[PDB]
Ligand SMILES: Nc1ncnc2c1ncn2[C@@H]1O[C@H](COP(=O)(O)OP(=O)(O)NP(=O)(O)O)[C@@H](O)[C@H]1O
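Okay, so here's just one chain, in structure tokens, the form solved without this ligand.
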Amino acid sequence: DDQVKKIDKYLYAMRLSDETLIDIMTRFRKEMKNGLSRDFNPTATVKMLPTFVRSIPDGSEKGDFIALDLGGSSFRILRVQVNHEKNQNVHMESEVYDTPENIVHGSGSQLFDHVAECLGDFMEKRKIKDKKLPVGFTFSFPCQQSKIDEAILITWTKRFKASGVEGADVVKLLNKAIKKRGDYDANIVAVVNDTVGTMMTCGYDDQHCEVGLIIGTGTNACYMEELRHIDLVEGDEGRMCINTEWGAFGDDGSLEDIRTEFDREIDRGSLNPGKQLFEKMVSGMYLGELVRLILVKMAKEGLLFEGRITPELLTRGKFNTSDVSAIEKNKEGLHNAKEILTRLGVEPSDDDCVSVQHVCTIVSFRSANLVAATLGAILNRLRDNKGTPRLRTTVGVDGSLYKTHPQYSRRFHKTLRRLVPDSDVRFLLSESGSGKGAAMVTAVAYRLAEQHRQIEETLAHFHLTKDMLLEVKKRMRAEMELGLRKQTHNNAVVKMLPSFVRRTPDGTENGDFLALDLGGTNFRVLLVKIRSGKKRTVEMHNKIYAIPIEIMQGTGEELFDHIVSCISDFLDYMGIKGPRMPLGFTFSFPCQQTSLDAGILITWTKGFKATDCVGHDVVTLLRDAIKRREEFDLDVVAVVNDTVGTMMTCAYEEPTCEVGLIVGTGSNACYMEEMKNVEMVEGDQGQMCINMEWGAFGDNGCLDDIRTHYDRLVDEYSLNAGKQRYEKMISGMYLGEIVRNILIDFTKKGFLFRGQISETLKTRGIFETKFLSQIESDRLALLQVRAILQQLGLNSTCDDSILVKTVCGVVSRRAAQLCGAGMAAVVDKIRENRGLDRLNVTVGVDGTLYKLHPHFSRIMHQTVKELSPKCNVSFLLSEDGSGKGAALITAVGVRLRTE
């Protein structure tokens, strides 16, 4: 009676009080909070790692998979076949492989070579190599993952200690070993921790399973947490399984006041000193030795075996946990203790057999008790989440010590139910192992992988290689030439139309002028005053005037009548209504010029479609409308394209600006060609500004090489089917449509919005330049993206938002590259013309897409630099619009008219 009370006095420390157990519980409860927080997670010892598993099996799972189970006490590989659809129910055949204390403690390479060899043999014995069966990986160690098929080892635990693995991705490490074998092909689709596998398994049979617990070589647990609580995972919808990794509870020294010298000594001799402390007082890997450490400490004080101490009772690991168990059996309890203590050399007194066996209870009871305190903190967290007052949940379990020890299970549940009363908990023991559960995870993981494979295959067509970009640059140049050569100009797609502007501002332009800006997003009328010499200055006023789309696609009569009306009102506005002022007309469309004041509208582009305009001279068309009104009189000195207007605006300040570019509703470019190359205009003196009209590039098929199904659909439904193919893969008026069309397709395939094509998604023009630009902002957050989308009328989840943003990126990126390859061709021609080996030139730019988009310009500039390394281009943005440049052209126009 005192012997018992004798040891209960010695091992007093290892006798935890309920109030104490509650304390620890409260402590872990706080460790969980810190672990899940984005602010404190970096310092927490309890990792609370996300698993990317959002629900237990639903029953829809089916297929043939292979599972690997490394990290437990046995390396086992299994094959799980499941398919209710047809009729088949869950079936699985497993095999166990040996793993010597050599591989486990060797180099990661040696370890993964073994795992790859064992999997090979397994597939051979079943001759299933030919099948690309999905592989699930149950790796019972702490792992960092940003996705289910990635697992970076944080640190080894238990018996493993292989070099070159920590901090690496075991998936990649394993994939290498297999590939190095060339024997077969693996498709590792997921990596799960055993606590998650165990939970998945028990969940299959009990749809109330919300916890996975393991108590074997090591101890850990996982539970279903609310996504809105997992800070380190963007989303607030539903739940995800968190792998607590509580074995490291108190590694920051939060359980020093509970750890004994026996614990510390056990640690100082461990493989991983300082870590997994909480686990070192529980798991069956340490129970035995923790006891043999006291037996020695007792004998060393004559309290046992008559103070005798054999070399065996001193040798490490000579007292297995197996002993600790057999010695606690109810039947042959003490009888067993005798045989054991006997082989230990020491002479077992039938009184010793009693003293010993009791020690075992104390140690083996502390474990069961501790685990009950932490698991209790988890159940309390679940109860808190549900809001309910009571709690009903199932808990999956597995692990030697639990599965094979006479009293553990028993005492464990007891203390538990005692600690958490307001809850009804069922403990289901995984009889099958992790295999079933891993397979259940692999099924869904794989389901999402094919979806992904398909999405990527499609998007891959929007990816151009540097080599593809050089071809486009090449083609651009070939077409540039066909258009300049009078013999081939007749059937060239890039018309290279001359503008009849032969020099950038000289600095003598002086006067007052009116200007028109038609073609972009805003039709506006301006008044510009230029003063040079001493006081060189420019003063301009403008006013925007709408233009109903009806008029825009009405008749040339109403269109130009409307324009003149606006010109009138502005003349009043500025007051200057009276004299005969010279006017520059910026008409952003392809015109055939004979002189600075004659433009035959070759064809309409963008969204304009007025009747009886194509084929006429726009100057005239305007002149007439003016005569008809009879309210004033003007001097139309010039007609100008916005690209040329832009170039002049920027060249007014920057003398090296010899290129103009526009990337807004439509896209076009212009530059200064050598008069000797412009075979369409007599002379070979000086230079001339060439309005390329490069939007038509590809209208002869030269781009059908990289155009996609979505590009064709967008073209096929445009106002000008067949024309302006290049500009239609670049400008803000079309980008959106390419996207919409890609989205509708993904939706029909059931990859977006639950497969529902909404009315909004069917509305053309829905994706404005302004939206494409917000959605791609880098300062944006997923929550915000989803918000924007919902505002548009699209009911999108967070997963949806991610895919939409991606799609927008692929499309917008390709647009910038194609545009860069185009500009690259231009600058390199200007360099070859000037026979240079290096050319410095700046480009004048304008266009809403260019100005608002967060990445277009950057990726564009980058691409030009990469395709034309012999030119140092600079892009200067026009902030005053074309107007300034139109007036600066009108000035010369007049100067040459007066002369």
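Residue positions are given as counts along the sequence shown, with the first one as 1.
If you look for the form deposited with this ligand bound, you will not find it shown, but the lines that follow are about it.
When this ligand is superposed onto this form from its pose in the bound PDB entry, none of its atoms lies within 2.4 Å of a backbone or C-beta atom, and the site is open. Only one segment in the set 469-477, 447-455, 292-300, 403-411 has residues whose heavy atoms sit within 4.5 Å of this ligand in the bound PDB entry; it is 403-411. Exactly one listed residue, out of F365, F160, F122, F608, brings a non-hydrogen atom to within 4.5 Å of this ligand in the bound PDB entry: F365.
Interface residue among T361, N385, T260, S254 relative to this ligand in the bound PDB entry, by the heavy atom within 4.5 Å criterion: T361. Using a 4.5 angstroms threshold between heavy atoms, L16 counts as touching this ligand in the bound PDB entry. The shortest heavy atom separation between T374 and this ligand in the bound PDB entry exceeds 4.5 Å. Using a 4.5 angstroms threshold between heavy atoms, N369 counts as touching this ligand in the bound PDB entry.
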